[PDB]
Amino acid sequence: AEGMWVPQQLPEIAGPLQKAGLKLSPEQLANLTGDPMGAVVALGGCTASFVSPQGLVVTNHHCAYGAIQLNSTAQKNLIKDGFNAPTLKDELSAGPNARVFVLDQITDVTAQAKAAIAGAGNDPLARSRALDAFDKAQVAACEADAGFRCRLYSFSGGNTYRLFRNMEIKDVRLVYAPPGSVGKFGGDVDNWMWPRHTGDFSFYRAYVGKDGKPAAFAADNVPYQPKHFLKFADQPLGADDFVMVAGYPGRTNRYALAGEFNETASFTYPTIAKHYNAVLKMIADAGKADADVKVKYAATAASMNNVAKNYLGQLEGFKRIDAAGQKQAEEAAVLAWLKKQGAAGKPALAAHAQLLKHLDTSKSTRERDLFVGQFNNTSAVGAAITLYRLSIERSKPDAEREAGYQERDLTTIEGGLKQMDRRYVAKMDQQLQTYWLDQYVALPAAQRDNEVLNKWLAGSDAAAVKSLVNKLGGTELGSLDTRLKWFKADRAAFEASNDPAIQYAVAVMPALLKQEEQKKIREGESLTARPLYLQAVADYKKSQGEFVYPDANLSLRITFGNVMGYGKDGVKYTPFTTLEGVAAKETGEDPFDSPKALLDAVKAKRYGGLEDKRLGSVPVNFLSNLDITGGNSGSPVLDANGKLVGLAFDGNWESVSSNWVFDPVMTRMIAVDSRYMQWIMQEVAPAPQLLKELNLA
């Protein structure tokens, strides 16, 4: 079924849920801290779920990838080898910034948020500061009890605001990862593709301090005891079976203006894909010369591969469904429908005209902004900018500090500085600085108008770039101890440093704060125009009997449907893959290089009690017509009785353009079957302690 339904829309999908095959009462799904919705957790960018009473959490391999990479070395490469912890004491810290968010409360605060915005009058910067202040005040009251973290969410262009309260677990440990050749079978070749044969799962465990409250990693921390956890399905999942997903989709753009779509299609997507593909070649080459580079950059290389391929898929999809035609026609129908409404429709029409004006702002600054943006986000420079920015915010009262630099963010900033030790090599950073500066100096002189960067380059050719990278090479911010000292330093110490990375951050900061102020002005203008126009689009959609649900915004959503394949001319994709399809793809070369114990077990038909007689094998991956996006990775797929039948991890090639224009015919979720996850842990990469904990052995 189409839709990323908010829990508050359960009454509207209760009948469709039952019709599709839900055997739980839709009522049971509305208790978001009960069984089973209470077992679903956010990781920050991925979904996961509790699967034991001792705080075992299951998610995708690609969601645990960062944690696995932080614990990998060139010599002991867990990404390649996998990992198992036989006992609690063998579990590895997932890193200081790993989180498990357990939902405690959702509050509707729409009327209060709208009153705070209106309270600001017709000044856009005051409107942006009013919502900021409201957001900070809600979050401070909601976080007064130790161990909670809150977040204010804007829905439907700012027509609805809800405050989420979560227990924030800060001690997350790695328990199990299959080998990379299972976890990421087919690599970037099979990424965004069906047929699919990827065992995309791993396990964490949540820990708390001995006092029961969240704590950073410590030896005497103990496993979290969740109130609810999911059970692995005892009923074999088959074609046409009801499935549903609860998770944290990040961002969809189905309500974007035609011009926002056109800009993304004609500039953002092709341009990011081009540059990311070129940076990836550079990282791949450096990785072949030094395995330390390969391991330290593995998470970046993985994310950049995923985005670049997703973008190429979205562009193909737009042509497939004529997304440009469909956006143009819908926007024309909404503006014509408003007109026929007379008086009542003039506000939305004026809100449209205003958003329409916001587009053109980036035309001959978009290339510059990209290159300067990427240069400033390289590791040493970005660390210098964050550290200098924090030194400025610390001089203010906490309620006046920029979101991201308040007291409640300090441990996350510090964790980032710590995680950079596992993700930084000077010789690779210099190549990244060189790459983005090179693109900058190749712009026409009109567009290369970053005056600070112009001063530090003192040229617009290869030698000027080499000279600046040589200069920035003298930085000490590669040192973890140096970064942790700067983390506590006052503004004056930054301003006195002869560290060239720090000098660069001090020099660019005034222009950065002015660019941020301009952003907040544009935000404040949108805080009134966006909701008016998006409410009209939603009203129009309801007039046309179309499904109305908010764009994803990193909050909890439910999607449902059935196990089913899809088709193109000449082809029908079947809803399951099987073990034989894994062995049929074997080449012995990355990324089609399965463990020997897998190839041996498939050749012997060792199905380990998990064969589905309807398939004649153990199922590997399955297709369903659910509505997921980035952020849904690791979401539990629940059957009609709320049991775990698999994890969401990807979509088929034709699904990716549904970020902009949903296509029900060729949009499918790809999930890993809970039976394959059990089969891998039995036959290939043994986890006997985990199968016991899951009551599967």
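Start at 1 with the first residue shown and count on from there. Rigid core: the largest C-alpha set superposing within 1.5 Å between the two forms.
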property: Core-aligned Cα RMS comparison in 4 other deposited structures of this protein - stretch that moves more, 102-110 or 338-346; result: 338-346
property: Divergent stretch in 4 other deposited structures of this protein, 356-364 or 614-622 [C-alpha RMS, superposed by the core]; result: 356-364
property: 147-155 versus 106-114 - which carries the larger mean C-alpha B factor in the record; result: 106-114
property: 468-476 versus 378-386 - greater average Cα B-factor per the deposited record; result: 468-476
property: Among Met428, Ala98, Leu532, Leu230 - the residue whose C-alpha B-factor is largest in the record; result: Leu532
property: Largest Cα B-factor, entry values, listed residues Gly187, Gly459, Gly416, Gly209; result: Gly459
property: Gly34 by Cα B-factor - lowest, middle or highest third of the modelled chain; result: highest
property: Chain thirds of CA B-factor: placement of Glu402; result: middle
property: Record-listed C-alpha B factor of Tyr540: chain third; result: highest
property: Chain-wide C-alpha B factor ranking for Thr578, given as lowest, middle or highest third; result: middle
property: Cα B factor band for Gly119 (lowest, middle or highest third within the chain); result: highest
